[PDB]
Ligand SMILES: Nc1nc2c(ncn2[C@@H]2O[C@H](COP(=O)(O)OP(=O)(O)OP(=O)(O)O)[C@@H](O)[C@H]2O)c(=O)[nH]1
Ligand SMILES: CN[C@@H]1CCc2c(ccc(O)c2O)[C@H]1O
């Protein structure tokens, strides 16, 4: 079992053999987009406690949020008025999701249970159990099957109708914190606490690639709109852009004046701007193809823990521990 | 520990499976990303500020 | 002679300004940021508004009257000015008493603090205090129940050039009791209880972990009580003394002590707004 | 669309009223976190309290004050990533077995079991997200410790060499009939934690050591008193008076 080093050396040599040039070399004559200024358009209030997660609707109009008070609230961004308010059995929640068809909402947390809700009937539909650790994220692949990631270094692909696990993904060493689905819903990635990321296969159920560019825990992960790249954010104040086809990272986003962690990462519709939330009570707007800052979104009085961009790309919404949700443009 | 052998073999079979993948030069990948970004650069309100008439948040 | 009038204008100008600037800054800071919109800050807002009204209204006209040595407006304006003076002075102290009682509830009974104080109740308390203050200023001055009974008083009242404060014994005693002596014993007792609780807590800490490891409370209480007592004490004893026995206090001493009282509005932002959050707010804007 | 705007405004009012109703109940209650080493007796302490009067929850009140306690036993690992969620609790209850000063754990030689606790307490105290959270410490298993120390077979001095040069405090209040050896052992165990607590206190959060065993019905009062003291000290320090 001493050949493991040899395979790693071979992989490293193969990766080095295909590093023709740096992305900055090719993209150096491009005129930068310049400074970008965004102003608050809406401010949503009503959460007693401090928020973790949010998810925009597929119609770019409604959105959902979850807070430690034990309550999910479905807002309406256009008229800044609430629609639903669902009390929960367990007040420790760490994730939420919104259905692609706009019919279901899921939420799980410290208790090792993932619950889904039926909006158009608001009563609990099913409870999915079987994990041995706290959940960290969950996304609806479709209207009948959901993929979740838990704190016992595993991921699963549930079936709502029967409530039993169909496929179990194993191979990580540390806790899994975030995941993101491809536009075609045929592959997805996951960021663990062992400074690594993986590219799973939804159908076959086998890992294909492994990226280990980071050096600390990974807190957030996104996915490029083209479906051939993704970006991660760790606790070392760095965002790194990997590539699936080339099989190594291409660009790093870091600045000498920031030493705080990163809690969320998201792209834009065109993919030119990369948005990342920080522990510095604000947010930054990087440049994807040039690695240069282009703006700051200040206005939060505490830690920022949520971030998201609408499907049509008309606005970006943030949520912080100040129990306030803001809509920027 | 028999279990140790299992993990050691799995780390070998997985590494062997995760080693035989066709790879392309990073220049082609950078060019493709450049082409996509330049192609879809005129359809994102964040990058180019749209008129206030069509903005629903105004 | 010529120098004295020049000196007064400069000294008066510095006060009228400082008074308006402190209150304006406090109000702008509390209104701009939602982090400082604590329920206990509403009393500070009322106090700042009262100080702003006083500094904008009564100080400038008082300075003009004392410099010109002759009132240049009508009798109704004199009565309205006296009413505004009394209302602001008597509304700038009961707010301090309310703040002291709020601190008493916060420190003595920590478990029942949330229920006993609510944002809805604070508005009711503030409105009640302002109503009580307005009841003792406009009602007995617009109506002529406070007028004196000696020849100089009626001669000044008939004339339209002199605007001086002449009053009988009843109104003076009642207004002094309502404004000063009632909200003083309450504050003294409250702060004594608070100091006792602080000393007990520090003794407990020292007993618990003294081996591996007194004056802050004394300094804070000394500032809070001494500033107010020194600023507002002598006037509210000469007020009783001069009417109890006549031909004892010259009018110049009266005016000087009263004006010493007005400076107290120039220290409230420096006393009740020294929290680090207020410092951050002051550094964020106007800097 | 006049009804559509009007109807939405009807729903927002029904919720806002419900939120206003629930806010007072949320703000009235007090939350505590239960944490300790394994094989220490946290379950015994919690189960005993109610009869006296992946996650677990408990409801209890003293003098018409609502208290709530959450204990997490499903997520048992050296790395504690979920601890960031517990930065708004009133206090943290820490339970440690004071009699297990001579026992390796997990069939892993490891370290004497008390030291691992010490490491856990040090890590908890110096966490970045718990800079303003107090700790209530229960030194459990008082009778087994006394019996084991009375027995000459197992000696504290061997495992902890610093016990040799230790002298009892002059402010001690031993219980009636207590031998000097028991008092010395108890106070060494207490100030070993007190040193770690006071090293980097910074004056924002303190520690409340306590002694308890199986047959005890006063813990429910000690928790109440400690919570009241914690809130009082927080209020005193807030007004720049302590
Ligand atoms: N003599 C004595 N034994 C005690 C005491 N408290 C607990 N025990 C013993 O401890 C055991 C029960 O401990 P549990 O409460 O089940 O342990 P636990 O807190 O669940 O342990 P972990 O989950 O591993 O932390 C029994 O053997 C009890 O007799 C005590 O005060 N005195
Ligand atoms: C002339 N200035 C007035 C006169 C009497 C008076 C004042 C303040 C509060 C009172 O209760 C009073 O009766 C003074 O400010």
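Protein chains in written order, with the deposited numbering: chain B, 8 to 128, 133 to 340; chain G, 5 to 62; chain R, 29 to 241, 268 to 341; chain A, 12 to 64, 206 to 394. Think of the CB as a built atom: it goes at the ideal place given N, C-alpha and C, for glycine as much as any other residue.
>> Just to confirm, is the Cβ distance from residue 67/R to residue 146/R under 9 Å?
In response: For the purposes of this step, residue 67/R is taken as residue 39 along the third chain, with counting starting at 1. For the purposes of this step, residue 146/R is taken as residue 118 along the third chain, with counting starting at 1. Against a cut-off of 9 Å, the Cβ pair of residue 146/R and residue 67/R comes out as a contact.
> What's the call for residue 48/G, buried or exposed, on a 16-neighbour Cβ count within 10 Å?
Replying inline: On the second chain, position 44 is the one that residue 48/G refers to. Buried, because 16 or more other Cβ atoms sit within 10 Å of the Cβ of residue 48/G.
>> At 3 residues or longer, what runs of the beta strand (DSSP E) sit wholly inside the region 254-307 of chain A?
In response: 286-292
> Can you list, in chain order, the residues of the region 82-112 of chain B whose Cβ is nearer than 7 Å to any Cβ on chain A?
Replying inline: 86, 88, 89, 90, 92, 97 and 99
> Of all the residues that make up the region 293-306 of chain B, which are near chain G by a beta-carbon distance shorter than 8 Å?
Replying inline: 299 and 300
> Any idea what DSSP makes of residue 39/G, helix, strand or coil?
Replying inline: Stepping through the second chain from its first residue, residue 39/G is reached at position 35. If DSSP states are grouped into helix, strand and coil, residue 39/G belongs with the helices.
> Which bits of chain G does residue 336/B rub up against, with CB to CB less than 7 Å?
Replying inline: The count along the first chain starts at 1 and reaches residue 336/B at position 325. Ordered by position in chain G, no residue passes the 7 Å Cβ test against residue 336/B, which lies about 14 Å from the chain.
> Is there at least one Cβ from chain B nearer than 9 Å to residue 390/A's Cβ?
Replying inline: Working through the fourth chain from its first residue, we reach residue 390/A at position 238. No, no contact with chain B.
> So is the beta-carbon of residue 195/R under 8 Å away from any non-hydrogen atom of ligand 2?
Replying inline: For this step, residue 195/R is matched to residue 167 along the third chain. The answer is yes for residue 195/R.
> Going by the CB atoms, is the gap between residue 383/A and residue 336/R shorter than 9 Å?
Replying inline: Locating residue 336/R in the third chain gives position 282, counting from the first residue. Locating residue 383/A in the fourth chain gives position 231, counting from the first residue. Cβ atoms of residue 336/R and residue 383/A: not closer than 9 Å.
> In the structure shown, what three-state DSSP assignment does residue 166/R receive?
Replying inline: Numbered from its first residue, the third chain carries residue 166/R at position 138. Coil, per DSSP.
>> In this structure, how does DSSP classify residue 45/A when only helix, strand and coil are distinguished?
In response: Residue mapping note: residue 45/A aligns to position 34 of the fourth chain, counting from 1. Looking at residue 45/A - three-state DSSP - the assignment turns out to be strand.
>> Taking the alpha-carbon of residue 52/G as reference, which of 57/B, 97/B, 49/B and 40/B has the nearest alpha-carbon?
In response: Mapped onto the second chain, residue 52/G falls at position 48. Minimum Cα distance to residue 52/G is reached at 40/B.
> Does the separation of the CB atoms of residue 30/B and residue 34/G fall below 9 Å?
Replying inline: Counting from one through the first chain, the residue named residue 30/B turns up at place 23. Counting from one through the second chain, the residue named residue 34/G turns up at place 30. Contact flag set, yes.
>> Tell me which residues share the same chain as residue 332/B and place their Cβ nearer than 6 Å to its Cβ, disregarding the 5 neighbours each side in the sequence.
In response: As a working mapping, residue 332/B is identified with position 321 in the first chain. Excluding sequence neighbours, residue 332/B sits near 57, 313 and 314.
> Since residue 17/G meets chain B, which of its residues come closer than 8 Å, beta carbon to beta carbon?
Replying inline: Along the second chain, one-based indexing puts residue 17/G at 13. Neighbours of residue 17/G on chain B: none; closest Cβ ~10 Å, over 8 Å.
> Expressed to the nearest angstrom, what Euclidean distance is found between the alpha-carbon atoms of residue 131/B and residue 365/A?
Replying inline: Along chain B, the last residue before the gap is 128 and the first after it is 133, so residue 131/B carries no coordinates.
> The alpha helix (DSSP H) spanning residue 333/R covers which residue range?
Replying inline: Walking along the third chain from the start, residue 333/R turns up at place 279. Residues 330-338.
> Taking DSSP as the reference, what is the three-state secondary structure of residue 357/A?
Replying inline: Residue numbering aside, residue 357/A sits at position 205 when the fourth chain is read from its first letter. Coil at residue 357/A, not helix or strand.
> Exposed or buried, which one is residue 284/R when buried takes at least 16 other CB atoms within 10 Å?
Replying inline: In the third chain, residue 284/R corresponds to position 230, counting from 1. Answer is exposed; the Cβ neighbour count stays below 16.
>> Quick check: what's the CA-CA separation for residue 182/R versus residue 190/R?
In response: As a position in the third chain, residue 182/R is number 154, starting the count at 1. As a position in the third chain, residue 190/R is number 162, starting the count at 1. Going by the C-alpha atoms only, they are around 11 Å apart.
> Is the beta carbon of residue 129/B less than 9 Å from the beta carbon of residue 213/B?
Replying inline: It's not possible to place residue 129/B here, given that chain B moves directly from 128 to 133.
>> Quick check: is any heavy atom of ligand 1 less than 8 Å from the C-beta of residue 53/A?
In response: Working through the fourth chain from its first residue, we reach residue 53/A at position 42. Correct: residue 53/A has its Cβ closer than 8 Å to ligand 1.
>> My assumption, with CB atoms under 8 Å, is that residue 117/B sits in contact with residue 308/A. Please give the rounded CB distance.
In response: The residue you call residue 117/B lines up with position 110 of the first chain. The residue you call residue 308/A lines up with position 156 of the fourth chain. With a Cβ gap of about 39 Å, residue 117/B and residue 308/A do not count as contacting.
>> Determine, for residue 35/A, whether the minimum Cβ-Cβ distance to residues of chain R falls below 9 Å.
In response: Numbered from 1 along the fourth chain, position 24 holds the residue referred to as residue 35/A. For residue 35/A, the answer is yes, since a Cβ of chain R falls inside 9 Å of its Cβ.
> Do we get a CB-CB distance below 9 Å when we pair residue 61/B with the residues of chain G?
Replying inline: Here residue 61/B corresponds to residue number 54 of the first chain, with the count starting at 1. Closer than 9 Å: no.
> Taking Cβ to Cβ, would you say residue 121/R is nearer than 9 Å to residue 208/R?
Replying inline: By one-based count along the third chain, residue 121/R stands at place 93. By one-based count along the third chain, residue 208/R stands at place 180. Contact flag set, yes.
> According to DSSP, is residue 49/R helix, strand or coil?
Replying inline: For this step, residue 49/R is matched to residue 21 along the third chain. Residue 49/R: helix per DSSP, three-state reduction.
> Relative to the alpha-carbon of residue 70/R, which residue among 157/R, 39/R, 135/R and 200/R has its alpha-carbon at the smallest distance?
Replying inline: What you label residue 70/R is simply residue 42 of the third chain in a count that begins at 1. Residue 157/R is the option with its Cα nearest to residue 70/R.
> Where DSSP assigns a beta bridge to residue 209/B, which residues make up the other side?
Replying inline: Locating residue 209/B in the first chain gives position 198, counting from the first residue. Bridge partners of residue 209/B: 201/B and 221/B.
>> Counting C-beta neighbours from all protein chains within 10 Å, is the total for residue 29/A 16 or more, i.e. buried, or is it exposed?
In response: Counting from 1 along the fourth chain, the entry for residue 29/A is found at position 18. Answer is exposed; the Cβ neighbour count stays below 16.
>> Please tell me whether, using a cut-off of 8 Å, the distance from the CB of residue 282/R to the nearest non-hydrogen atom of ligand 2 is below it.
In response: One-based indexing of the third chain puts residue 282/R at position 228. It does not: the Cβ of residue 282/R is nowhere closer than 8 Å to a heavy atom of ligand 2.
>> If contacts are defined as beta-carbon pairs under 8 Å, then residue 245/B and residue 230/B qualify, I think. What distance do you get, rounded to the angstrom?
In response: Sequence index remark: in the first chain, residue 245/B carries index 234 (1-based). Sequence index remark: in the first chain, residue 230/B carries index 219 (1-based). Indeed, because the Cβ distance is near 7 Å, the residues count as touching under 8 Å.
> Between the region 320-341 of chain R and chain A, which residues of the former have CB atoms less than 8 Å from a CB of the latter, in chain order?
Replying inline: 328 and 329
> When the distance is taken between beta carbons, is residue 222/B closer than 9 Å to residue 192/B?
Replying inline: Along the first chain, read from residue 1 onward, the residue named residue 192/B stands at position 181. Along the first chain, read from residue 1 onward, the residue named residue 222/B stands at position 211. For residue 192/B and residue 222/B, no; Cβs fall outside 9 Å.
> In angstroms, rounded to a whole number, what distance separates the CA positions of residue 98/R and residue 304/R?
Replying inline: Within the third chain, numbered from 1, the residue matching residue 98/R stands at position 70. Within the third chain, numbered from 1, the residue matching residue 304/R stands at position 250. Straight-line Cα distance between these residues: approximately 18 Å.
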